[PDB]
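Both ligands and their constituent atoms are indexed starting at 1 by order of listing. We number each residue from 1, following the sequence as shown. Heavy atoms only: backbone and side chains are in, while hydrogens, waters and symmetry mates are out.
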Amino acid sequence: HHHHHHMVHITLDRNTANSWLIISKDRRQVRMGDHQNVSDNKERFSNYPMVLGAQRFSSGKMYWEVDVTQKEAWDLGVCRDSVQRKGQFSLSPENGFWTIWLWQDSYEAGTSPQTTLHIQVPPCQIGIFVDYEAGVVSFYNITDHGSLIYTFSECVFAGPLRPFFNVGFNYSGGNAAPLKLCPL
Ligand SMILES: O=C(O)[C@H]1CCCN(C(=O)Cc2ccc(F)cc2)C1
């Protein structure tokens with residue numbers, strides 16, 4: 001792919017984070033803490049270890065990269081600014097999410113129902129491309145020379161978009177590693 005020139009500098013929005021997350025001083029890394037002594041607010045994801053990027057996108061082409069090295073479970077993509085924050089929900093375009101994930105040694109796209117991904121080289125870094133006007137979200141395997149993972153097309157965004165992250169639970173003791181926004 002030749003999307004690298006649409007690179008944007010993403011930072012995490014502390015105020016949206018689940019109360020167990022630890023965001024680095026530079027707002028470029030997030031991990032599961034083992035409650036982080038913050039007040040509750042209506043923006044925080046309550047049920048899952050999720051956080052949003054601070055940036056909002058309503059036009060144009062945007063590209064960023066995320067490091068997932070040594071994690072067992074995570075979700076990545078974009079979502080509407082107005083997604084539900086409280087209680088249980090599924091990650092689907094109907095609920096305002098365009099995501100992929102790793103879970104139990106399989107990769108899947110967040111369609112409803114979910115779609116099996118075919119990845120021969122487990123990624124250490126994921127590239128995410130959004131074309132707002134075209135209604136496209138695409139995912140790339142940076143570890144495998146940028147190979148395509150998945151394209152959501154005919155997307156109905158229906159509002160501003162935010163970068164979306166889930167570090168996953170760490171019931172196993174094998175999923176403590178952070179998500180990291182990789183430099184341009
Ligand atoms: O499985 C369980 O009982 C624990 C899971 C994580 C810790 N638990 C909490 O209630 C607090 C919490 C909830 C959601 C979240 F994303 C992060 C922290 C219960």
Side-chain angles (χ1 to χ4, degrees), residues 10-57 64-117 119 122-126 128 130 137 139 149-150 152 157 159-182:
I10 300 306
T11 61
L12 300 171
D13 183 346
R14 306 189 158 283
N15 284 339
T16 69
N18 175 275
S19 63
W20 287 45
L21 297 185
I22 302 172
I23 292 169
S24 62
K25 178 160 50 178
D26 67 3
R27 298 182 312 104
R28 299 275 285 172
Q29 313 191 15
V30 57
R31 67 187 180 84
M32 183 56 154
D34 283 340
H35 187 292
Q36 291 309 127
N37 202 33
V38 292
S39 59
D40 195 35
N41 71 54
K42 65 198 201 150
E43 298 176 66
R44 294 198 187 290
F45 288 100
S46 62
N47 287 48
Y48 312 106
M50 291 167 179
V51 60
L52 304 187
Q55 290 69 40
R56 284 44 150 12
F57 301 122
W64 62 97
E65 293 181 352
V66 185
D67 193 299
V68 301
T69 298
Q70 69 145 132
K71 291 192 67 56
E72 297 176 345
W74 49 260
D75 317 324
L76 288 174
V78 293
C79 64
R80 295 185 188 139
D81 62 350
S82 54
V83 294
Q84 178 184 345
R85 308 304 170 86
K86 309 302 184 182
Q88 298 168 91
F89 57 86
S90 46
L91 297 177
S92 61
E94 306 102 270
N95 291 337
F97 299 89
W98 297 267
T99 62
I100 68 170
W101 65 72
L102 172 60
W103 170 251
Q104 299 191 167
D105 212 18
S106 80
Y107 301 89
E108 299 174 323
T111 56
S112 184
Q114 75 262 39
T115 301
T116 295
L117 302 173
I119 300 190
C124 299
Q125 296 91 30
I126 299 292
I128 302 174
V130 181
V137 184
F139 298 86
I149 296 172
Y150 191 80
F152 291 90
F157 298 132
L161 290 175
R162 297 184 67 180
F164 173 80
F165 308 86
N166 185 356
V167 299
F169 294 101
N170 186 27
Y171 295 107
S172 64
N175 199 36
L179 294 175
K180 306 188 190 172
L181 283 154
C182 312

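The ring pair (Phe, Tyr, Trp, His ring centres under 6.0 Å) search around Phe97 returns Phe89, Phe164, not counting sequence neighbours.
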Query raised in the report: Are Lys180 and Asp26 close enough, and set up right, to give a salt bridge (charged side-chain N to carboxylate O under 4.0 Å, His left out), and what steps lead you there?
Result: CA-CA 11 Å; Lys180 306 188 190 172; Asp26 67 3; over 6 Å; no
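Closer than 4.0 angstrom to ligand 1 by heavy atom are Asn18, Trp20, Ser46, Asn47, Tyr48, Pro49, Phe169, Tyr171, sorted by chain and number.
Other residues, nucleotides and ligands contribute over 12 non-hydrogen atoms within 6.0 Å of the CG atom of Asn41. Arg44 CZ: more than 12 foreign heavy atoms inside a 6.0 Å radius.
Atom CE in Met50 sits 4.5 Å away from atom CG in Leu91 (nearest 0.5 Å).
Under 4.0 Å is where a charged nitrogen must lie from a carboxylate oxygen, and between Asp67 and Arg28 no such pair does.
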